[PDB]
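So the sequences go chain by chain: A and B. Take 1 as the starting number for the first sequence in the entry's author numbering and just add one per residue. Take 1 as the starting number for the second sequence in the entry's author numbering and just add one per residue. Notes follow once the structure below has been shown.
Protein chains: 2
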Amino acid sequence: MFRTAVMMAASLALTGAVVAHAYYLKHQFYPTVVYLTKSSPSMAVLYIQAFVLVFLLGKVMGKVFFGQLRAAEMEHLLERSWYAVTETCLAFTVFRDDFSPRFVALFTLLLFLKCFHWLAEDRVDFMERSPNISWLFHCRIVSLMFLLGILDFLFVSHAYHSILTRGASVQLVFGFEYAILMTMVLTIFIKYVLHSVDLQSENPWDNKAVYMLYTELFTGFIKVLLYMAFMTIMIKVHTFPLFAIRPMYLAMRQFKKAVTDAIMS
Amino acid sequence: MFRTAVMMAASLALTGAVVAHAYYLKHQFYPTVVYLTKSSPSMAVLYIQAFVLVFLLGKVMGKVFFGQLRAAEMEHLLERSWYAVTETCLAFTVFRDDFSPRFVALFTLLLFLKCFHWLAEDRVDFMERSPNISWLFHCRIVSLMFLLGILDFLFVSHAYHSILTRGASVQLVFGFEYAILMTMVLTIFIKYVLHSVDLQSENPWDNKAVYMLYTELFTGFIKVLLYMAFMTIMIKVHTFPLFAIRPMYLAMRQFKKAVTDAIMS
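Pasting the structure below:
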């Protein structure tokens, strides 16, 4: 993590230089802050420092929960992160609410949770074959599962309250994304308990593995249903969705492959 | 191509039904067309029919120039097509010029040419190893090269004239994208002539292959230079680019890998 430490040190030095420049421009306490908030490049450097701190926190949390593993997990993280960044910015333009740093923070937190969900899926796929099974692995998995579930439930409840009170303007995107994340967490829990039952039973117990596949396909159906409902509401409210069309196609393709595999089997 | 024929027949039937409904609503010639252009779903069906016709023309052109080959070429086409669609819609939001079907047609033509460029790159990579070398292969390659070069030169000249006369509002995006496509066509021409020299000389003639690699890296440098210039102008005109950041990162990563490979060699 030498490169991460170097990057965070560089960002900290840059923000310290910006703060020092502002302070030496206005010796008081209020005008320096108002100049920082009025000048654009200084606020941009502050945003970069905030993003770097978020990245450091994400690295710490990933080391605590999963721990390194530096593999296709990282490649999937990068690919889905680029896709999610494109989708998020698209959905942001989808509405006139530009800038709005609180909404930017909300989107960043959503991206944080989505990246952690993808890493959880990759760790589940690694666990299904031949992991370093121990007490700590189970503890990490259950702790991450409970944390993600609690946070997702709280945020979806807040989104439901917001859309009931204010309306379906921008909070519905968060609601649907966190609903998809809840489906992902349900799939993760099902896969983990199935693998635990398979491991604790010594014998392969294949009669349940097919059932696990059944559960998987059912969950996929649920997911695609949610997505199509999203599409419906997104054509009911505004003109035409643009941000989620590619994820819709991906979900449709995955469900089609799953149902074809189930039929041929 | 059974599925493509079925899809085009379905789209043609749908547009015929829309036309018949409009005609039976207004028996004249002018009000039916004005109702089609005023109603949104009918114009959407017309747009879908236009896209399907464009897809059929693209299939015909691909069969004429490359010919099937149904491989990683198609996978790269799909991936880069999703990426380019996201980038194009992002660039469209980048400006207040919404709808504007002529600009939509221009973007569609740009996507058409970019997809054909990617297929040309994939065919070059296939040709470099062990293709079905013959007169027809050379004819196809040179014809596609000349067509792409002529079209790119004409469109970049038109973009230069537009930005000189009107200004850098939306035509600069087309100019930079077609400049990147021109660099791609230059790389394709260099690779093709290098492979032709390698094949016609019987002996491997490795002393030039390294030179070919040199040319490749040089072209990559040119590409990244163009991209950074794009970034500069895009921060000079408007607030902050959003559409091309991921392609910028991809180009930077490719150039970094190329320069590291050149240094270690």
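Cβ atoms here follow ideal geometry from the backbone N, Cα and C, with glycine treated the same way.
Taken in chain order, the members of the region 239-252 of chain A whose beta-carbon sits within less than 7 Å of a beta-carbon on chain B are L242 and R246. In the DSSP assignment, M252/B falls within the unbroken alpha helix (DSSP H) covering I245 to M264.
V170/B is positioned such that its CB atom lies closer than 8 Å to that of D97/B. Closer than 7 Å at the C-beta level to chain B, one finds these residues of the region 77-107 of chain A: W82, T86, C89, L90 and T93. In this structure, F107/B lies away from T93/B, with their beta-carbon atoms at least 8 Å apart.
Apart from sequence neighbours up to five positions away, the residues of its chain that approach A168/B with a beta-carbon distance below 8 Å are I233 and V237, ordered along the chain. Unbroken alpha helix (DSSP H) stretches of 4 residues or longer found wholly inside the region 94-163 of chain A: 101-129, given in chain order. Distance from the CA atom of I188/B to the CA atom of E128/B, rounded to whole angstroms, is 11 Å. Of the residues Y23/B, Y24/B, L46/B and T37/B, the one whose Cα lies closest to the Cα of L12/B is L46/B. The C-beta of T183/B has 16 or more other C-beta atoms within 10 Å across all chains shown, which makes the residue buried. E75/B is classed as exposed because its beta carbon has fewer than 16 other beta carbons within 10 Å across all chains shown. A straight line joining the alpha-carbon of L109/B with that of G175/B spans about 13 Å. Residues of the same chain with a CB within less than 8 Å of the CB of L181/A, apart from the 5 flanking positions on each side, are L113, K114, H117, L148 and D152 in chain order. A straight-line Cα-Cα distance of about 7 Å links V124/A and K191/A. Short of 8 Å from the beta carbon of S143/A, and not among the five residues preceding or following it, lie these beta carbons of its own chain, in chain order: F65.
Rounded to the nearest angstrom, the gap between the Cα atoms of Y227/B and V185/A is 40 Å. In the DSSP assignment, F189/B falls within the alpha helix (DSSP H) that extends over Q171 to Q200. The beta carbons of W82/A and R246/B sit closer together than 8 Å. Note on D122/B: 16 or more other CB atoms within 10 angstroms of its CB, so buried under the neighbour-count rule.
Residue state for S39/A is assigned as coil, using DSSP reduced to three classes.
For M1/B, there is no enclosing alpha helix (DSSP H), since its DSSP letter is neither H nor E. The straight-line gap separating the alpha-carbon atoms of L25/B and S40/B is approximately 16 Å. If you look at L225/B, you'll find it in the alpha helix (DSSP H) that goes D206 to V237. In the pairwise beta carbon analysis, the region 246-265 of chain A is classified as touching the region 210-227 of chain A: at least three pairs are separated by under 8 Å. For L242/A, the closest alpha carbon among the candidates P101/A, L78/A and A91/A is that of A91/A. With 16 or more other CB atoms across the displayed protein chains lying within 10 angstroms of its CB, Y178/A is buried. For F221/B, same chain residues with a beta-carbon under 7 Å away, outside a window of 5 residues either side, are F255 in chain order.
Within the same chain, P241, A244 and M248 come within 8 Å of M231/A by CB-CB distance, once the 5 residues on both sides are set aside.
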